[PDB]
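Please work out how this folds:
(one chain, ligands or ions: 3)
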Amino acid sequence: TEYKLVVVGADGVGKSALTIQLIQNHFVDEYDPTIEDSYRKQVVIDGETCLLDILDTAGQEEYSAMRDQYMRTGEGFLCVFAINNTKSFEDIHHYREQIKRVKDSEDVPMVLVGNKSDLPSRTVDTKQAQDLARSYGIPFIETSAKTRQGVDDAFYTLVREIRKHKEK
Ligand SMILES: C#Cc1c(F)ccc2cc(O)cc(-c3ncc4c(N5C[C@H]6CC[C@@H](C5)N6)nc(OC[C@@]56CCCN5C[C@H](F)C6)nc4c3F)c12
Ligand SMILES: Nc1nc2c(ncn2[C@@H]2O[C@H](COP(=O)(O)OP(=O)(O)O)[C@@H](O)[C@H]2O)c(=O)[nH]1
Ligand SMILES: [Mg+2]
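Numbers count the residues shown, from 1 in each chain. Ligands and ions are numbered 1, 2, ... in the order given. Right below this line is the structure:
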């Protein structure tokens, strides 16, 4: 039923666009980059009604004790980079290690997301992202918030992952 998802990623990669697409089915062209906020979507995934509580983490860099305990209640994570930025791909490792830290676990459900797949300025290879996703034991998804491609499939896969982490 309830699954706390966290869309992590560097400023700009389209975490808020991928949030507002899953929740409202439209491309927002200007969501405040200083606004970090949570959003729930009741969707039915594979027979089971699921209240996905998605946190779009997007503000300033803080690491308070409050924020640890907060991201430790996050059960699953979308590591969101943009195909049109390399720093955004190199930041995916950083996000994964903050998750491994706050979760005290090597085995936390994650899904690599190569956002902005519609732009013709690919700087991050699909092989790279598959290589980075195969080293983590996580699925890799290429998405487009502008065109919703892979959006559902991304968040849905993450919950399928979280489903598989619970039967373990
Ligand atoms: C996330 C998360 C995160 C998790 F998944 C899990 C647990 C966490 C527990 C924390 O206590 C705290 C976090 C946490 N919260 C906010 C961060 C952040 N703010 C700044 C901007 C860019 C995103 C958004 C959010 N707005 N930015 C960067 O890291 C980016 C880089 C780029 C410049 C320097 N830093 C150091 C690294 F090299 C990479 N990390 C952040 C971070 F860990 C956590
Ligand atoms: N073309 C395209 N632009 C995107 C996509 N996702 C986000 N953007 C753009 O990237 C900019 C910043 O994205 P935002 O959602 O603010 O990312 P955040 O700062 O990581 O939350 C926005 O102006 C969006 O128009 C996408 O899939 N395709
Ligand atoms: Mg944002």
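
any idea which residue sits dead centre in this structure?
Among the residues of the chain, the smallest C-alpha distance to the mean C-alpha position (Cα atoms, centre = their mean) belongs to residue 78, namely 1.8 Å.

What sits closest to that residue if chain neighbours are left out?
Once its chain neighbours are removed from consideration, residue 78 has its nearest residue in residue 7; the separation is 4.5 Å (Cβ to Cβ, 6 or more residues apart in numbering). No exception for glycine: its C-beta is placed from N, CA and C like everyone else's.

what does this structure put close to ligand 3?
Remark: the part of the chain in contact with ligand 3 comprises 16, 33, 58, using Cβ under 5 Å from the ion.

Can you report how many residues lie near the closest residue to ligand 3 within the chain?
Of all residues in the chain, the one sitting closest to ligand 3 is residue 16 (3.2 Å; Cβ to the ion). Residues within reach of residue 16, counting by other Cβ atoms under 10 Å, total 25.

can you give me how far the strand or helix carrying it is from the chain middle?
Taking DSSP states H and E as the definition, residue 16 sits inside helix 15-24. The chain centroid and the centroid of helix 15-24 are separated by 11 Å, computed with Cα atoms, centre = their mean, to the nearest Å.

Give me the contact status of it with ligand 2.
Yes. Remark: helix 15-24 sits within contact range of ligand 2 at 15-17, by Cβ under 6 Å from any ligand atom.

List the contacts of the residue in the chain sticking out farthest from the centre.
Seen from the C-alpha centroid of the chain, the residue lying at the greatest distance (Cα atoms, centre = their mean) is residue 47, 22.7 Å away. Listed by Cβ atoms under 8 Å, 6 or more residues apart in numbering, residue 47 has no contact partners.

for ligand 1, what are the nearby residues on this structure?
Going by Cβ under 6 Å from any ligand atom, the residues of the chain near ligand 1 are 8, 10-11, 57-61, 63, 67-68, 71, 91, 94-95, 98-99, 102.

Please consider this matter closed, and thank you.
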